[PDB]
>>> print(open('protein.cif').read())   # mmCIF, N, CA and C atoms
data_my_file
loop_
_atom_site.label_atom_id
_atom_site.label_comp_id
_atom_site.auth_asym_id
_atom_site.auth_seq_id
_atom_site.Cartn_x
_atom_site.Cartn_y
_atom_site.Cartn_z
N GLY A 1 19.92 199.91 162.05
CA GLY A 1 18.67 200.46 162.61
C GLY A 1 18.76 201.67 163.51
N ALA A 2 19.94 202.21 163.75
CA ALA A 2 20.07 203.39 164.57
C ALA A 2 21.13 204.31 163.91
N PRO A 3 20.95 205.64 163.91
CA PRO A 3 21.88 206.55 163.28
C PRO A 3 23.30 206.33 163.88
N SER A 4 24.34 206.27 163.05
CA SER A 4 25.66 205.94 163.56
C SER A 4 26.73 206.34 162.56
N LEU A 5 27.96 206.42 163.05
CA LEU A 5 29.13 206.37 162.19
C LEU A 5 29.32 205.00 161.51
N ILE A 6 28.83 203.94 162.15
CA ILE A 6 28.99 202.59 161.64
C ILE A 6 27.72 202.22 160.85
N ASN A 7 27.87 202.05 159.53
CA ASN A 7 26.73 201.69 158.69
C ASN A 7 26.58 200.17 158.54
N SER A 8 26.56 199.48 159.68
CA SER A 8 26.49 198.04 159.66
C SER A 8 25.10 197.47 159.34
N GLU A 9 24.09 198.34 159.22
CA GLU A 9 22.84 197.93 158.57
C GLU A 9 22.95 197.95 157.05
N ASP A 10 24.03 198.51 156.49
CA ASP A 10 24.19 198.61 155.04
C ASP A 10 23.05 199.43 154.40
N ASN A 11 22.65 200.50 155.09
CA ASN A 11 21.65 201.38 154.52
C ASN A 11 22.25 202.13 153.33
N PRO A 12 21.50 202.29 152.22
CA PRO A 12 22.08 202.90 151.03
C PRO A 12 22.04 204.43 151.05
N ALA A 13 21.44 205.03 152.07
CA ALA A 13 21.31 206.49 152.11
C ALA A 13 21.97 207.10 153.35
N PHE A 14 21.62 206.59 154.53
CA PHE A 14 21.98 207.21 155.80
C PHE A 14 22.69 206.15 156.64
N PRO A 15 23.83 206.45 157.28
CA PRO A 15 24.52 205.39 158.01
C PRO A 15 23.72 204.94 159.24
N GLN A 16 23.53 203.62 159.34
CA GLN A 16 22.72 203.03 160.40
C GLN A 16 23.43 201.78 160.91
N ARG A 17 23.45 201.61 162.23
CA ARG A 17 24.18 200.52 162.88
C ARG A 17 23.25 199.39 163.30
N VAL A 18 23.69 198.17 163.09
CA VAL A 18 22.96 196.97 163.49
C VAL A 18 23.26 196.60 164.95
#
>>> encode(input="protein.cif", output="structure tokens")
Amino acid sequence: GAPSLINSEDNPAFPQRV
């Protein structure tokens, strides 16, 4: 849910951190 190096939201387009 927040822009990040860590894509722990598993967004398929833009890396987003949970």
>>> resolve_selection(input="protein.cif", expression="the PyMOL selection byres ((chain A and resi 2) around 5)", output="PDB file with N, CA and C atoms, in the frame of the given file")
ATOM      1  N   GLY A   1      19.920 199.910 162.050  1.00  0.00           N
ATOM      2  CA  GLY A   1      18.670 200.460 162.610  1.00  0.00           C
ATOM      3  C   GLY A   1      18.760 201.670 163.510  1.00  0.00           C
ATOM      4  N   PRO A   3      20.950 205.640 163.910  1.00  0.00           N
ATOM      5  CA  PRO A   3      21.880 206.550 163.280  1.00  0.00           C
ATOM      6  C   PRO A   3      23.300 206.330 163.880  1.00  0.00           C
ATOM      7  N   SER A   4      24.340 206.270 163.050  1.00  0.00           N
ATOM      8  CA  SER A   4      25.660 205.940 163.560  1.00  0.00           C
ATOM      9  C   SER A   4      26.730 206.340 162.560  1.00  0.00           C
ATOM     10  N   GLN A  16      23.530 203.620 159.340  1.00  0.00           N
ATOM     11  CA  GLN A  16      22.720 203.030 160.400  1.00  0.00           C
ATOM     12  C   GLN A  16      23.430 201.780 160.910  1.00  0.00           C
ATOM     13  N   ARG A  17      23.450 201.610 162.230  1.00  0.00           N
ATOM     14  CA  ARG A  17      24.180 200.520 162.880  1.00  0.00           C
ATOM     15  C   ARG A  17      23.250 199.390 163.300  1.00  0.00           C
TER      16      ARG A  17
END
>>> select_by_dssp(input="protein.cif", residues="chain A", states="strand (DSSP E or B)", output="ChimeraX atom specification")
/A:2-3,16-17
>>> atom_distance(input="protein.cif", atom1="CA of residue 18 in chain A", atom2="CA of residue 5 in chain A")
11.3 Å
>>> axis_aligned_box(input="protein.cif", around="range 7-18 of chain A", padding_each_side="5 Å", output="lines of an AutoDock Vina configuration file")
center_x = 24.6
center_y = 201.9
center_z = 158.0
size_x = 16.6
size_y = 20.6
size_z = 23.9
